[PDB]
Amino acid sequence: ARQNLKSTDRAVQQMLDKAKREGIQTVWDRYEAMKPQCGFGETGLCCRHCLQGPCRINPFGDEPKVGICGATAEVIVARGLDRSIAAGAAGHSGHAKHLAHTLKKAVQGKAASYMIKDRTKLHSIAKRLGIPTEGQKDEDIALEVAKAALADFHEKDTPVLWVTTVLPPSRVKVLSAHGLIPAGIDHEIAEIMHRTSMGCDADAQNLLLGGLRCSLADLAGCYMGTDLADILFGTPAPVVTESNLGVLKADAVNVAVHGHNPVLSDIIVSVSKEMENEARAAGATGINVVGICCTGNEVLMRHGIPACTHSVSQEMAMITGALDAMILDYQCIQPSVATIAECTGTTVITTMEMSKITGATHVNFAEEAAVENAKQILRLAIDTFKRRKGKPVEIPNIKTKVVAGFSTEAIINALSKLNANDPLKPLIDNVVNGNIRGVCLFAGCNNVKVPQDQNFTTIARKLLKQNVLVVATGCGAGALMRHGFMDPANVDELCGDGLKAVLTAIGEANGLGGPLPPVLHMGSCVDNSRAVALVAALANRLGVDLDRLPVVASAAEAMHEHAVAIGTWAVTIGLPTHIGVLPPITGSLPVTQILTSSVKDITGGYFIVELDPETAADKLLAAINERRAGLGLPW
């Protein structure tokens, strides 16, 4: 079996061989068993929005040509897409809502394990929202910030401030003119679900405008999540760590944190240090906390916790035999982990009331008891380590060096070493002179349909050679880190001369003796909001809207509904946005034409649907170079 057709990650390939030997079914096996997949679903031409369904429409040929109620292909496709956007917004904003409640509990004396760790971030957010700080206690400022966060979920006398205060006024004006500013986060999610139900909205343009507005509700949830997590846990600054399965240690208690919301896993990190002695009494060397998915990104960015794996390959960490516990919150967790655990000996633990998995142990985490819960959890992990004393394990000896922690604050600070009072100017100077062709954000998941990481690395290599500044979040950052794109030792190999010169100048001015890494890791999926903050700051410094900047995005291997939401708000804020898997839109030419072309006339952004990564890189470079030409720059 040619495992490189499943994943380009050599540690994953090794574990796929072990899973095959041992008869453990993987995500790739379940994908093979699903083929050929339903073409009605793949093209978007299926509707189950009422009990007269299921309805389907033949992409081509004879009947059925229309839904039972009269819903056309255009309507069916647009309604389906809208519900996916709403689902994504619901996830990011549920994460943000949880953090808002945590901050409120902390400053009300109800959860002493949590606190204001970043006072600077708290005050800047308060100022951005218009919350007075002068002569106020920090706990009172933070209570007002948490209350403002919660207020953005519902209608009120202002629109969603985590949209209108984070984008330039000119962009807010464009969006307002088209009716796209969200009135409340959960309000928009509910309105989507209403308008897409049977016998309601049935005009493709009207439906899709609703979708764009709900995608801005998702952006607000992302930005709110990043803001609150930085207040609570600290704004990231540059860190050095490692990635891939070789970060597991046979002689340690290996504990993975997995999911998206780090409200508990940040505590796990701190409590694990306190239980090192208890782990060694059990015969381990210590407790080795490692990350999976975006919760892993959160603790990597703030604490340098090494990242074990990501997304599609998450089961492989368990296949080593050395994963003693997998501590779950929610989002992007394959529920197969609970069954695989019976074969690998891993203790899979859920912690959130609305995210349980049959067969996994549940610990009822509460912020008020976080340290207590963390000790209960780590003691299960220690017990599990004890059960495998003397059992052989197979950890691939494969890992990469990762430099990360590039929050927007950290990037501005790094640039400030080149120009103290105008830190964005050195970046803009090098865009203008061509040393930096443009900026590309890689975001989103892996997807079993795409050999793991192949689109991210293929596209990134071409862009880096063409002097594009590449930033990354989520499992796009995961893909790039596991293939060495966050190791500064690879700048010479990967980067064009102009980009190398800039990365070197910034790195050497920050006391590194070497360049910044080839790709800047800006954090988790909610931390796509950090990229928005950087791009909005560049737009404001230049006096233009985002749809004039040479900035693009690529969800090169997208999977989750919240990647669909992110891609949609990237378009809505003005960016050319590549997606490297087929979204369920191709069954409607009119909807595809809106999303890939005529939306440019509304927001200035547009989707670029391209499954071939070499072709996608050329298309992204053309989009960047079109923006350069619109600014009168050489390219």
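Quick note: we count residues from 1 along the sequence shown, nothing fancier.
With 210-218 and 496-504 compared on mean CA B-factor from the PDB entry, the stretch scoring higher is 496-504. Stretches compared: 592-600, 44-52. Higher mean C-alpha B-factor in the entry: 592-600.
Going by the entry's values, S113 shows the largest Cα B-factor out of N244, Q205, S113, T72. The top Cα temperature factor in the record, among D138, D82, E188, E155, falls on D138. Sort the chain's modelled residues by C-alpha temperature factor and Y330 lands in the middle third, per the entry. Annotation for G61: C-alpha temperature factor in the highest third relative to the rest of the modelled chain, per the entry. Sort the modelled residues of the chain by CA B factor and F233 lands in the middle third. Per the deposited record, the Cα B-factor of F406 falls in the middle third when ranked against the other modelled residues of its chain. In the PDB entry, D453 places in the lowest third of its chain by CA B-factor.
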